[PDB]
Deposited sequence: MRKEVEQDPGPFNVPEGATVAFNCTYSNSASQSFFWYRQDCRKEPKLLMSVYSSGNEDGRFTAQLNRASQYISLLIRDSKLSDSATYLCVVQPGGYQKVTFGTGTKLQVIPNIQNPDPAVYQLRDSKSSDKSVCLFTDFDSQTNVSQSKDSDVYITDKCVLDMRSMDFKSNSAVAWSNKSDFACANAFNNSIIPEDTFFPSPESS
């Protein structure tokens, strides 16, 4: 096991530049690749990497054979860049290709007008929706009879509007107390 890459996961603001690095032990290594892998899906070639340096659009890659590292630079990050990026090395001689464990990228949008609120929704019994909170609020995992989801970004494209939400639910329980282990901004709206 001898390609080492950034541990991750990495949070990068939307539009900002992200940088990846990977070391490999075998200096007689012949070929180098960056792969990109979306959640629940298969790896895909992102680009070949050369000492020459390499540019396709927003993506730059570099190989440094003397120092034994490769790099990937992504400019103007998109939400769609969120994925795991695998360093990949073809030793070329007596060993199999190695795929790195990968560095997970999460490209984070700016919410200009946070409107943090916790709503209760009813079954067409009930769930709690924490929403419209800013991108730097953190939603925490503590009760085994309380289910809390990670933060998710939805994109109302026609309105050019992004918003974060997290869902919580329980068989035991009120929305007022559903997200307590998270640092909830005071003035988070809690409906009548």
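Residues of the deposited sequence lacking C-alpha coordinates, counted from 1, fall in the stretches 1 to 2, 127 to 130, 148, 180 to 181, 202 to 205.
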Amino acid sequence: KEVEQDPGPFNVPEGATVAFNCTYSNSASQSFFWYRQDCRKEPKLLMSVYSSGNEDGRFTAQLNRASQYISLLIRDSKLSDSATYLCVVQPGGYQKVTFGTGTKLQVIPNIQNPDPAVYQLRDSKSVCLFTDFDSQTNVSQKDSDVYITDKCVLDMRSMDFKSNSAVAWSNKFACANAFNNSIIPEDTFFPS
From here on, numbers count along this sequence of modelled residues.
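Mean C-alpha B-factor is higher over 182 to 190 than over the other stretch, the pair under comparison being 182 to 190 and 3 to 11. As recorded in the PDB entry, 115 to 123 is the stretch of 115 to 123 and 84 to 92 with the greater mean C-alpha temperature factor.
Reading the B-factor column for the CA atoms of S48, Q37, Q30, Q136 in the entry, the top value corresponds to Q136. In this entry, the residue among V146, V167, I70, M156 with the greatest C-alpha B factor is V146. Among all modelled residues in its chain, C175 ranks in the highest third by Cα B-factor.
Compared with the other modelled residues of the chain, the Cα B-factor recorded for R65 ranks in the middle third. Among the modelled residues of its chain, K162 has a C-alpha B-factor that falls in the middle third according to the deposited record. Annotation for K142: C-alpha temperature factor in the highest third relative to the rest of the modelled chain, per the entry. Per the PDB record, residue ranking by Cα B-factor puts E42 in the lowest third of the chain.
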